[PDB]
Structure formats: C-alpha cells, structure tokens
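*Asks:*
4 protein chains.
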Amino acid sequence: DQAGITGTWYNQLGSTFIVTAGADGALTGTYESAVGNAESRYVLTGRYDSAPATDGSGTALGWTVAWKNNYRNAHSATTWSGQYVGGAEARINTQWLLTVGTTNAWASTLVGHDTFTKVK
Amino acid sequence: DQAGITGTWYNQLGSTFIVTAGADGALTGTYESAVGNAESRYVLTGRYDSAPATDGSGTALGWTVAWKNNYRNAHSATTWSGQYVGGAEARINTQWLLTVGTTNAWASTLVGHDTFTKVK
Amino acid sequence: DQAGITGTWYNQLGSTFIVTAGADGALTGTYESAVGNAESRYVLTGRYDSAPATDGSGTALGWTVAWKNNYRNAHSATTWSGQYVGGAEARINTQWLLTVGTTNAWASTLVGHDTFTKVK
Amino acid sequence: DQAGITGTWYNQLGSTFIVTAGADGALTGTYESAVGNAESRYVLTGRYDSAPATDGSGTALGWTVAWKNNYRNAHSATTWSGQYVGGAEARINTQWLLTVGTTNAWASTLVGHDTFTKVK
Ligand SMILES: [Ir+3]
Ligand SMILES: [Ir+3]
Ligand SMILES: [Ir+3]
Ligand SMILES: [Ir+3]
Ligand SMILES: [Ir+3]
Ligand SMILES: [Ir+3]
Ligand SMILES: [Ir+3]
Ligand SMILES: [Ir+3]
Ligand SMILES: [Ir+3]
Ligand SMILES: [Ir+3]
Ligand SMILES: [Ir+3]
Ligand SMILES: [Ir+3]
Ligand SMILES: [Ir+3]
Ligand SMILES: [Ir+3]
Ligand SMILES: [Ir+3]
Ligand SMILES: [Ir+3]
Numbered sequence: 013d014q015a016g017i018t019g020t021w022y023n024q025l026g027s028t029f030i031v032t033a034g035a036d037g038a039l040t041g042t043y044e045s046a047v048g049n050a051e052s053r054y055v056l057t058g059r060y061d062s063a064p065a066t067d068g069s070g071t072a073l074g075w076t077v078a079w080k081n082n083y084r085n086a087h088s089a090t091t092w093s094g095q096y097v098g099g100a101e102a103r104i105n106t107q108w109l110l111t112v113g114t115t141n142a143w144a145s146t147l148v149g150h151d152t153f154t155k156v157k
Numbered sequence: 013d014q015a016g017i018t019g020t021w022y023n024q025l026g027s028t029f030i031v032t033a034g035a036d037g038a039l040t041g042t043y044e045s046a047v048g049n050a051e052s053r054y055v056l057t058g059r060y061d062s063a064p065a066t067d068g069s070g071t072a073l074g075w076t077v078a079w080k081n082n083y084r085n086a087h088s089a090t091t092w093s094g095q096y097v098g099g100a101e102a103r104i105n106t107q108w109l110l111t112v113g114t115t141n142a143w144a145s146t147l148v149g150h151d152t153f154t155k156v157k
Numbered sequence: 013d014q015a016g017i018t019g020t021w022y023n024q025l026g027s028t029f030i031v032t033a034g035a036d037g038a039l040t041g042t043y044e045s046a047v048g049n050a051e052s053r054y055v056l057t058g059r060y061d062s063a064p065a066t067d068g069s070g071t072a073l074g075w076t077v078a079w080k081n082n083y084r085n086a087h088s089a090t091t092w093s094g095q096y097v098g099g100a101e102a103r104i105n106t107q108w109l110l111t112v113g114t115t141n142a143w144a145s146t147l148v149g150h151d152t153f154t155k156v157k
Numbered sequence: 013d014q015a016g017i018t019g020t021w022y023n024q025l026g027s028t029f030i031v032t033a034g035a036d037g038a039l040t041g042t043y044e045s046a047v048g049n050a051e052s053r054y055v056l057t058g059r060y061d062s063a064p065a066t067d068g069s070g071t072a073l074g075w076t077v078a079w080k081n082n083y084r085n086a087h088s089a090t091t092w093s094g095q096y097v098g099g100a101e102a103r104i105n106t107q108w109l110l111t112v113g114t115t141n142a143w144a145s146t147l148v149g150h151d152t153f154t155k156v157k
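Chains as they are written, first to last, in the deposited numbering: chain V, 13 to 115, 141 to 157; chain Y, 13 to 115, 141 to 157; chain P, 13 to 115, 141 to 157; chain X, 13 to 115, 141 to 157.
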C-alpha cells in the first residue's frame, strides 16, 4: 500500500505523477501536466489512508498541485480525490477540482476525472 | 497572503481548519470536522499560489485530509479546492470531493461546498 | 410539494428560475441567467421525486438548460441537481455542472452551487 | 446531430439510455440503471444544443432522471452534463451529480462520470 502507491504514474492525457507515500499517511512528489497552462514539474502534497482494506482493493487518497513553479504561474490549483486499487493492473482512479484565482467567481472551478496507471 | 491564510478558519458546519501557509506555497495544519465519521484533529497538507493577484481578491489553494487519526479511520479522504479572498470579511470559498475507499466504485465520491470565515 | 416547487425562484447571482412541477414528476419552465454568455429566457426541463418525504424536508430534483435561444448560443448546457426544502424559508439547494461543447475536452466542465429562494 | 443523438446508448456499468432528440432541443426517453437502488425504466428529460459545431465534434447536452417509477422510489435524482461526439465511435461523455433527498445535507450529493457508446 505504501509500497503500492510510491512511484511514477501516468494518466490518460500523458501527465506524469511522481509520488512517495510516507508511513505517516503523507504523499509528496511532483506533477507534470501534459496539458493546460503548465510546464515542467510542480510540487504536490497530499494524504492517503495508511491503514486501508488490506486486499489493496481501494485505498482513499488525495493531493493538491498549485500551478506555480519557476517557469509559470497559472494562478490556479487542482485537487485530486480518489482511490488506489492494487493488483496486476494497478490504478489510481480520481476525480479532480481545478480552481482559478483572480487573473466571475461562479465560473472559477473546473471538474474532471483522471485515471492513473503504472505504464503510459 | 501568506499572512492572510495562516490561522484558524471555521466553516458553516462548525468545522475548524487550522493552517500555516509557507513562503514556498505549502499549507500544513489540522482539520476537525463537526460532522461525519470523524473525531478530534486530522493532519492536512496542501498548496497555495504564493504569488497571486496582490489585491487579495482571489488566491487559488487546495488541501487534503485523510480521515485516519489515532481515534478513527473512516477509510476516506477529502480534498478542498478554492480560493482565499482577503479584506474585512476574509473568506476561503471551496468546493470539495470526498472519496471513500473499500469498507460500488461508481458511488464512492461525494461533492460539496464549504465557506470558511475567520469568525464562527 | 408539487405546490411547493411550482413558481418563480431566484438564486444568489440574481438569476430567475420559473418552473411548473407536474403530477407525473415533470419539471418544465424557463431560466434567465444574470451572468455568463446568456440573455433573456431559455427552456428548461427536468424531473423531481413526486412521492418524497411528506414533511417537505428534502425532495430530490434536477433540471437542464441548453444555452441556445433565439438571441444567443453559448454551445453549452447546465444541469442542476439538488433538493427542495419547504417551510417558511423554502429553498432549492443545488449543485451544478456546466459542459461546453466545441466552440481541450479535459477543461470542458465547470462545477458550482446555486441556492434558490422564493424572494430575491 | 438530432440524428446522431437519437437512439439507444450504453455506459460502462451496463446501463441503457434510450433517447429521442427533438428539433426544438428536447431530449426525452427512458433510463435503466444496471446499478444502485433502481429497477426497470425511469423517465428522463433533458436538453441539447440543436445548432452546435457542424463537425459533430462536441454537442453540449444534459438530462435528468428522478429515481421514482412504479417499482421503486430511491428518493434521489441524477443529472448528467456532457457532450455528444459523433463519428465512427460515437460517444456521449458525461459527468453526473446524484442528489439524495431525505430518507446530513452536506453528504447528500454523489459525483461521477459515465461514457456512453452505441454498442455495449
Ligand atoms: Ir471511475
Ligand atoms: Ir499573474
Ligand atoms: Ir475522460
Ligand atoms: Ir473512466
Ligand atoms: Ir461559491
Ligand atoms: Ir476498517
Ligand atoms: Ir450549503
Ligand atoms: Ir455559498
Ligand atoms: Ir449546501
Ligand atoms: Ir457557434
Ligand atoms: Ir457561492
Ligand atoms: Ir451554500
Ligand atoms: Ir472525460
Ligand atoms: Ir420513502
Ligand atoms: Ir470510471
Ligand atoms: Ir473516462
């Protein structure tokens, strides 16, 4: 589970999620989006259930990226909420919320879904 | 902005969000939910736009809580995505996704909205 | 309940929702948005639980507006999902999804929340 | 487009969506869910952009089902918001909100995503 989550993951858009799962429930790493107003890697942090169902069938987790790095600032942040499912074709299945700051409040949040796998 | 976000916040359900905004864009703290399968404080981590619009009118941010502490484990995680709005009646306006692990995938994610203020 | 829902409602943005609840569970009417790429009235249709909890404490309902009328076409559609709560300060509390067609799939859907009341 | 949408569609859960797209932008039909507190067919209604991009590359649409029929009442309603994409492998790509009435307001709305195809 700690072991299952730690590593490099890829979504359906070609984005790359590099994460380390801590014994304490921490997620730390970097995110590189293949799309949008983004380039290179962005810091992420999050949390996961460090004592889930032992069958690896669904470990709840989430993380945040703020879209500011040394190259760009998109004045926005995405949070992903989902679960890690272990096994031969391990997956992290997520839904996400992307909020844009000021750069029309009602129109400030996009929603979508990303599925991450261990192979691109 | 760093200064604006750091502190104790309260939502409409009576929950308490204690956060420190780092110069580096980190959010760290604790969350206590007034509702659901939760008691006492849970670790949170997140990110915020550390170079936003300078008028404090909308700073993008997000954070995650995994609902495991030393009292309980609800095998779930919530992510909040939103923006900090400064001024006399400072607010963090969020939308959230709560994913439940295994404890029916299609029915695993709740969505809602929380508005945080500096006074309860 | 049929009686409770039928009528004119107003949200926090100043939009106007005019609806008739049918005995058969139909919702029919018009929507005028105070915001976005919209003017005048748009057709809506939806459904509601025509045999809910009798205390009026929470009747599930939803409706759709496609943002095409004789004035404009924003090539988009919004769906509202929520519940009608009766009583002295009757409310329809909703969450909404706004999808934009082609005019970047991942960025095609906004999410938000609207609270409707019988007085503006 | 009218022609493209009208017909029987199937999602990844094995649910069946039967719809007629009207010249006027109406969607009418029946929905049968393969999952949840549901059996047999439920009435749906919705709307679609009846003058979209002519390449069939993304027509915005939405619909509602209230989960009451002559067999069951789940005191809930789902709205789907998405777009129809034409071509050899035609699709309706949606995100959905399912609200439950009274049967804990904060926990009343599920969110997910369904992809409909013309073959099961
Ligand atoms: Ir999914
Ligand atoms: Ir800027
Ligand atoms: Ir998708
Ligand atoms: Ir999917
Ligand atoms: Ir809001
Ligand atoms: Ir458990
Ligand atoms: Ir609310
Ligand atoms: Ir609000
Ligand atoms: Ir609400
Ligand atoms: Ir157009
Ligand atoms: Ir709001
Ligand atoms: Ir609210
Ligand atoms: Ir999608
Ligand atoms: Ir009932
Ligand atoms: Ir899925
Ligand atoms: Ir998908």
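Quick reminder that beta carbons are idealized off the backbone N, C-alpha and C, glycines included.
For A72/Y, name the three-state secondary structure that DSSP assigns.
*Replies:* As a working note, residue 72/Y is residue 60 in the second sequence. The answer is strand: DSSP assigns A72/Y an E or B state.
*Asks:* Between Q14/Y and chain P, is the shortest Cβ-Cβ distance under 8 angstroms, so that the two count as touching?
*Replies:* The residue given as residue 14/Y occupies position 2 in the second sequence. No, because no Cβ of chain P sits closer than 8 angstroms to the Cβ of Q14/Y.
*Asks:* Can you check which of these residues, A78/X, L56/X and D13/X, is closest to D36/X by C-alpha distance?
*Replies:* Numbered from its first residue, the fourth sequence carries residue 36/X at position 24. For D36/X, the nearest C-alpha among the options comes from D13/X.
*Asks:* Is the Cβ-Cβ distance between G16/P and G98/P less than 8 angstroms?
*Replies:* Locating residue 16/P in the third sequence gives position 4, counting from the first residue. Locating residue 98/P in the third sequence gives position 86, counting from the first residue. Yes, the pair counts as a contact, with Cβ atoms nearer than the cut-off.
*Asks:* Identify the residues that DSSP records as bridge partners of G149/X: which are they?
*Replies:* In the fourth sequence, residue 149/X corresponds to position 112, counting from 1. Its beta-bridge partners are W108/X.
*Asks:* Please identify, using Cβ separations under 9 angstroms, the residues of the segment 47-65 of chain X that lie next to chain Y, in order along the chain.
*Replies:* Listed by position along the chain: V47 and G48.
*Asks:* DSSP three-state call for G16/P: helix, strand or coil?
*Replies:* The residue you call residue 16/P lines up with position 4 of the third sequence. Three-state DSSP puts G16/P in a helix.
*Asks:* Do the segment 70-85 of chain Y and the segment 32-52 of chain Y make contact, defined as three or more Cβ pairs closer than 8 angstroms?
*Replies:* As far as the Cβ criterion goes, the segment 70-85 of chain Y touches the segment 32-52 of chain Y, which means the pair count is three or higher.
*Asks:* Cβ of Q95/P less than 8 angstroms from any chain X Cβ?
*Replies:* The residue labelled residue 95/P in the question sits at position 83 within the third sequence. By this cut-off, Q95/P is an interface position.
*Asks:* Drop a sphere of 10 angstroms on the beta-carbon of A89/Y, count the other beta-carbons inside from all chains shown, and report buried for 16 or more, exposed for fewer.
*Replies:* Translated into the one-based positions of the second sequence, residue 89/Y becomes position 77. When all chains shown are included, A89/Y counts as buried.
*Asks:* Ligand 12 and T40/P: does the residue's C-beta get closer than 7 angstroms to at least one heavy atom of that ligand?
*Replies:* As a working note, residue 40/P is residue 28 in the third sequence. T40/P: no, Cβ never under 7 angstroms from ligand 12.
*Asks:* Counting pairs of Cβ atoms below 8 angstroms between the segment 107-114 of chain Y and the segment 25-36 of chain Y, do you hit three or more?
*Replies:* Contact between the segment 107-114 of chain Y and the segment 25-36 of chain Y is absent, because fewer than three Cβ pairs lie under 8 angstroms.
*Asks:* Tell me which residues share the same chain as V47/Y and place their Cβ nearer than 6 angstroms to its Cβ, disregarding the 5 neighbours each side in the sequence.
*Replies:* As a position in the second sequence, residue 47/Y is number 35, starting the count at 1. Only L25 meet the Cβ criterion.
*Asks:* Looking at ligand 14, does it come within less than 7 angstroms of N85/X, judged from the CB to the closest heavy atom?
*Replies:* Working through the fourth sequence from its first residue, we reach residue 85/X at position 73. Checking the Cβ of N85/X against ligand 14 gives yes.
*Asks:* Where DSSP assigns a beta bridge to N85/Y, which residues make up the other side?
*Replies:* Here residue 85/Y corresponds to residue number 73 of the second sequence, with the count starting at 1. In DSSP, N85/Y forms a bridge with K80/Y.
*Asks:* Taking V148/X as the query, report the chain Y residues whose CB atoms sit under 8 angstroms from its CB, ordered along the chain.
*Replies:* As a working note, residue 148/X is residue 111 in the fourth sequence. The contacting residues are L109, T146, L147 and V148.
*Asks:* Cβ closer than 9 angstroms: which chain V residues qualify as neighbours of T32/Y?
*Replies:* Position 20 of the second sequence holds residue 32/Y. Those within 9 angstroms of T32/Y in chain V number zero; the least Cβ separation is about 13 angstroms.
*Asks:* So, with DSSP's three-state summary, where would you put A142/Y?
*Replies:* Against the second sequence, residue 142/Y aligns to sequence position 105. Reduced to three states, the DSSP call for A142/Y is helix.
*Asks:* Output the boundary residues of the beta strand (DSSP E) element that contains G41/Y.
*Replies:* As a working mapping, residue 41/Y is identified with position 29 in the second sequence. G41/Y -> beta strand (DSSP E) spans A38 to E44.
*Asks:* Determine which residues share a DSSP beta bridge with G58/V and list them.
*Replies:* In the first sequence, counting from the first residue as 1, residue 58/V sits at position 46. Note: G58/V sits in a beta bridge opposite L39/V and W75/V.
*Asks:* Here's the rule I'm using: 16 or more other beta-carbon atoms within 10 Å means buried, otherwise exposed. How should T154/V be labelled?
*Replies:* Your numbering for residue 154/V matches position 117 in the first sequence. Exposed, because fewer than 16 other Cβ atoms sit within 10 Å of the Cβ of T154/V.
*Asks:* Between the Cα of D67/X and the Cα atoms of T28/X, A100/X, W143/X and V112/X, which residue gives the shortest distance?
*Replies:* Sequence index remark: in the fourth sequence, residue 67/X carries index 55 (1-based). Taking only the C-alpha atoms, the option nearest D67/X is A100/X.
*Asks:* Below 8 angstroms between beta carbons: does that hold for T76/X and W75/P?
*Replies:* Numbered from 1 along the fourth sequence, position 64 holds the residue referred to as residue 76/X. Numbered from 1 along the third sequence, position 63 holds the residue referred to as residue 75/P. Yes; because the gap between Cβ atoms is below 8 angstroms, this pair is in contact.
*Asks:* Tell me, please, whether the CB atom of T154/Y is closer than 8 angstroms to any CB atom in chain V?
*Replies:* On the second sequence, position 117 is the one that residue 154/Y refers to. False, the Cβ-Cβ gap to chain V never drops below 8 angstroms.
*Asks:* By alpha-carbon positions, which one of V112/P, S69/P and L56/P ends up nearest to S45/P?
*Replies:* On the third sequence, position 33 is the one that residue 45/P refers to. Of the candidates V112/P, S69/P and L56/P, the one whose C-alpha sits nearest the C-alpha of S45/P is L56/P.
*Asks:* Please report the Cβ distance between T20/X and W92/P, rounded to the nearest whole angstrom; I am assuming they are in contact, meaning their Cβ atoms lie under 8 angstroms.
*Replies:* Translated into positions along the fourth sequence, residue 20/X becomes position 8. Translated into positions along the third sequence, residue 92/P becomes position 80. Not really, about 26 angstroms apart at Cβ, beyond 8 angstroms.
*Asks:* Sort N141/P, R59/P and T71/P by Cα distance to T114/X and report the nearest one.
*Replies:* Start at 1 with the first residue of the fourth sequence, and residue 114/X comes out as number 102. Out of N141/P, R59/P and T71/P, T71/P has the C-alpha closest to the C-alpha of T114/X.
*Asks:* Could you give the distance in angstroms between the alpha-carbon of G149/Y and the alpha-carbon of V156/V?
*Replies:* The count along the second sequence starts at 1 and reaches residue 149/Y at position 112. The count along the first sequence starts at 1 and reaches residue 156/V at position 119. Distance between the alpha carbons of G149/Y and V156/V is about 33 angstroms.
*Asks:* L25/Y versus chain X: which residues are under 8 angstroms apart at the beta carbon?
*Replies:* Residue numbering aside, residue 25/Y sits at position 13 when the second sequence is read from its first letter. Correct list: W143.
*Asks:* For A63/X and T146/V, I'd like the C-alpha separation in whole angstroms.
*Replies:* Locating residue 63/X in the fourth sequence gives position 51, counting from the first residue. Locating residue 146/V in the first sequence gives position 109, counting from the first residue. Going from the Cα of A63/X to the Cα of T146/V covers about 26 angstroms.
*Asks:* Nearest-angstrom Cα distance between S69/Y and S27/Y?
*Replies:* Indexing the second sequence from 1 puts residue 69/Y at position 57. Indexing the second sequence from 1 puts residue 27/Y at position 15. Approximately 24 angstroms, taken between the alpha carbons.
*Asks:* Considering only the alpha carbon of each residue, which of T18/X, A65/X, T40/X and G58/X lies closest to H87/P?
*Replies:* Stepping through the third sequence from its first residue, residue 87/P is reached at position 75. With distances taken between Cα atoms, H87/P lies closest to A65/X.
*Asks:* Using Cβ-Cβ distances below 8 angstroms, what residues of the segment 76-87 of chain Y are close to chain V?
*Replies:* Answer in chain order: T76, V77, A78, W79, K80, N85 and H87.
*Asks:* Any beta carbon from chain P within less than 8 angstroms of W21/X's own beta carbon?
*Replies:* Position 9 of the fourth sequence, counted from the first residue, corresponds to residue 21/X. Chain P contact via Cβ: absent.
*Asks:* Which term fits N23/Y, buried or exposed, when burial requires 16 or more other beta carbons within 10 angstroms of its beta carbon?
*Replies:* Start at 1 with the first residue of the second sequence, and residue 23/Y comes out as number 11. It is buried - the Cβ of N23/Y has at least 16 other Cβ atoms within 10 Å.
*Asks:* By how many angstroms is the C-alpha of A102/Y removed from the C-alpha of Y96/Y?
*Replies:* Stepping through the second sequence from its first residue, residue 96/Y is reached at position 84. Stepping through the second sequence from its first residue, residue 102/Y is reached at position 90. Cα-Cα distance, rounded: 7 angstroms.
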